[PDB]
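Each remark here refers to the structure printed beneath this line.
Chains as they are written, first to last, in PDB author numbering: chain N, 340 to 388; chain B, 329 to 436; chain F, 329 to 339; chain R, 340 to 388.
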């Protein structure tokens, strides 16, 4: 693991970049889903469907 | 920069060998990001459909505004009676109200 | 000598 | 083994070159020996010796 980290640092490579982007998109999914559940609680399942 | 490119290639190969030994998936984060991006795309498509359907005004205006903590109670009429009495008293003394007009009758 | 410096740092 | 192979590829080193040359020379030994055994079966051990 330490040797891999050394090589990544030499290569200027961000092993955590994909995970960070995933967490950002997961927050975006959460907030868009919150908007959708609010619209569903407002109009209703029957209306939205 | 052929030599530096060759070294970068060598370092990438050694890194991939070490990741393979460690059973580390370098592309796992990118895979999860791409799946989550597709999920964002489809949820956003649903939201734009609902927005094109109900409209910007309807969707914005159905926003919740009520909360129990935000309610304001007023019951201190016992205090406001004396306040109004003093206001009327001082107004009459100072000459704001020279006559018993309908506003003075309403305050009474 | 930036490249050789980078190699020395890596080593 | 994987690290050694990576280093050999970087060095443009052919680890199998010696083995390939050995197999070629072994085939050459086989065919020359086939010629010699034919000549021996033909003229005979006594004549050749």
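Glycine residues also receive a C-beta, built at the ideal position from the N, C-alpha and C atoms.
Alpha-carbon to alpha-carbon, residue j and residue i
| i | j | result |
| --- | --- | --- |
| residue 348 of chain B | residue 360 of chain B | 19 Å |
| residue 409 of chain B | residue 399 of chain B | 23 Å |
| residue 415 of chain B | residue 393 of chain B | 36 Å |
| residue 397 of chain B | residue 372 of chain N | 26 Å |
| residue 354 of chain B | residue 376 of chain B | 34 Å |
| residue 419 of chain B | residue 433 of chain B | 14 Å |
| residue 407 of chain B | residue 421 of chain B | 21 Å |
| residue 501 of chain B | residue 423 of chain B | Within the shown structure, residues of chain B are numbered from 329 to 436, placing residue 501 of chain B beyond reach of any answer. |
| residue 333 of chain F | residue 352 of chain N | 18 Å |
| residue 390 of chain B | residue 380 of chain N | 10 Å |
| residue 401 of chain B | residue 395 of chain B | 14 Å |
| residue 431 of chain B | residue 425 of chain B | 10 Å |
| residue 417 of chain B | residue 429 of chain B | 14 Å |
Short Cβ contact (9 Å threshold) for residue i with residue j
| i | j | result |
| --- | --- | --- |
| residue 342 of chain R | residue 345 of chain B | yes |
| residue 336 of chain B | residue 350 of chain N | yes |
| residue 382 of chain N | residue 382 of chain B | yes |
| residue 435 of chain B | residue 412 of chain B | yes |
| residue 331 of chain F | residue 329 of chain B | yes |
Burial state of residue i (16 or more Cβ within 10 Å)
| i | result |
| --- | --- |
| residue 357 of chain N | buried |
| residue 387 of chain B | buried |
| residue 339 of chain B | buried |
Does the stretch 360 to 370 of chain R come within contact of the stretch 351 to 368 of chain B, defined as at least 3 CB pairs closer than 8 Å?
-> no
Compile a chain-ordered list of the residues in the stretch 330 to 343 of chain B whose CB is closer than 8 Å to at least one CB of chain F.
-> 331, 332, 335 and 339
What residues from the stretch 357 to 368 of chain N come within 7 Å of chain B, judged by C-beta to C-beta, listed N to C?
-> 357, 358, 360, 361, 364, 365, 367 and 368
Taking a cut of 8 Å between CB atoms, which residues from the stretch 369 to 397 of chain B lie near chain R?
-> none
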